[PDB]
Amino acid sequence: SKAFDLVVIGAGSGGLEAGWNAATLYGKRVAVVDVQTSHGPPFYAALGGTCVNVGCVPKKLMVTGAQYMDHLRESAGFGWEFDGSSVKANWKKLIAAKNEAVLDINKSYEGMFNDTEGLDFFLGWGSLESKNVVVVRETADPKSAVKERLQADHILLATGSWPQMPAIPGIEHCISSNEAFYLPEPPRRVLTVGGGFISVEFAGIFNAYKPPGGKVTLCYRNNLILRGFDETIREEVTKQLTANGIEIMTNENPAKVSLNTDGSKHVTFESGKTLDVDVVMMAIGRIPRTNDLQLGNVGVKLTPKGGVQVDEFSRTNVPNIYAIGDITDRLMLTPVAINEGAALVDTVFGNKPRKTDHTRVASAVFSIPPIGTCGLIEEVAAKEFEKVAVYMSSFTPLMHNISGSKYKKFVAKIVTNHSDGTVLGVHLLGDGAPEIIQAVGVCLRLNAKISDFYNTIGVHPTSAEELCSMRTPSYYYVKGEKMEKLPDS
């Protein structure tokens, strides 16, 4: 067995940050375990994590590809002429370019390990033998051959999450986001199941790359997609996906899937409705990846919903064992996992406690058009504060009247504590929204007030200047009650 200050199980976003920082900033001896060195089947995730291999990085490339469908059409309003009937979207090329880009990242990460002293990679499946020993095996099977036994002063659990699949008849005919990344050809008809960001993101990707006579359908078991997001924006994204040819089935959920004779899938819904598609993609949730770690050997406690139970400092109930990222089933974001890994390492090896702030985190949805958001939505804020103000701007930007995409209304909302003007949340929908919101996150850290926004001089002409052009609330909540104007008193 080999001895290490820190052993990390999972070479993903959080795991690599922790490992890199411990080794290069604190001079510790670090071991990092992952199940394969490059993306794709059989394990999908790999060295670099979910985000690099089957997540943020590849899907952003694919969304960027999808945006060209809109660009090509929209150029005509600006005088661009070309043979429309010659236009074809080559999925095979997209996927091949994506694969090369992901592989290049895989390769650079193994170059990092090769070049970095005291930071070593171990290929295999990690699990807990005792509270000081990580065993590395050939496969996920607990009975597979032992490759390595790693003695660890500290153990970090960073194995992320995995797609949830519903227990319905014909689930074997369905796929998840994992497989979506490797489809040999683009589906003519596809059902995306779920109303969260993965389902909305992929619907837009499939919508652009669909062969002729194609149809993308997204279904969601409740009334309105994208729960947790601003309600205006939820309603507007629904309208804007619809206007780009995507069918949105709300209050619907698959009961059953079967094969048609030609090989296509026949979906039956709980309500009795039916749909024939070429691909059914489940995006109904991601669950912490705890099953292979043999946590019962050491008694690391889990949450009711299956995450590793931690405190604010990422500590489990076992003293030298920690958990960060998706395995904790909190905020499933890459930069949050990274921030968590860095704080952990500062605490443990730097001996100066640091915890990640999980509030006021800026995030994005790469829908078409995209969402950018930071902080509280108005419903949540109205429950915590007696007086809240909402500043709303919503209209089609000029260039989209010219482009023909008149449906692309840009939404900008600011939610404040109206007692002192403190900005509680900012919510954006439209082109550039993810890029705009980043520095907004810095503003909220500094406890910006609405006056800090409107007293800042705009950049003209942009969409972002709308954030600096709102002085009078559109409406209020007074102890939970929505109203246009404050009572005369």
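In case it trips you up, residue 1 is the first one in the sequence shown, and so on.
Participant: If you average the CA temperature factors over each stretch, which comes out higher, 429 to 437 or 448 to 456?
Facilitator: Between 429 to 437 and 448 to 456, it is 448 to 456.
Participant: If you average the CA temperature factors as listed in the entry, which stretch comes out higher, 56 to 64 or 30 to 38?
Facilitator: Here the higher of the two C-alpha B-factor means belongs to 30 to 38.
Participant: In this PDB entry, which of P304, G204, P184, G375 has the top CA B-factor?
Facilitator: Max CA B-factor in the entry, restricted to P304, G204, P184, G375: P304.
Participant: Out of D141, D230, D357, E81, which one has a C-alpha B factor higher than all the others in the entry?
Facilitator: In the PDB entry, the greatest C-alpha B-factor among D141, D230, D357, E81 is found at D141.
Participant: If you rank every modelled residue in this chain by C-alpha B factor, which third holds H71: lowest, middle or highest?
Facilitator: Ranked within chain, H71 CA B lands in the lowest tercile.
Participant: For the chain shown, is the CA B-factor of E340 in the lowest, middle or highest third of its modelled residues?
Facilitator: Ranked within chain, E340 CA B lands in the lowest tercile.
Participant: Based on the deposited C-alpha B factors for this chain, I'd like to know if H418 is in the lowest, middle or highest third.
Facilitator: As the PDB entry reports it, the C-alpha B-factor of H418 lands in the highest third of its chain.
Participant: What third of its chain, lowest, middle or highest, does the C-alpha temperature factor of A208 fall into?
Facilitator: It belongs to the lowest third of the chain when residues are ordered by C-alpha B-factor.
Participant: Taking the entry's C-alpha B-factors for this chain, is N21 in the lowest, middle or highest third?
Facilitator: Middle third - that is where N21 ends up once the chain's C-alpha B-factors are sorted.
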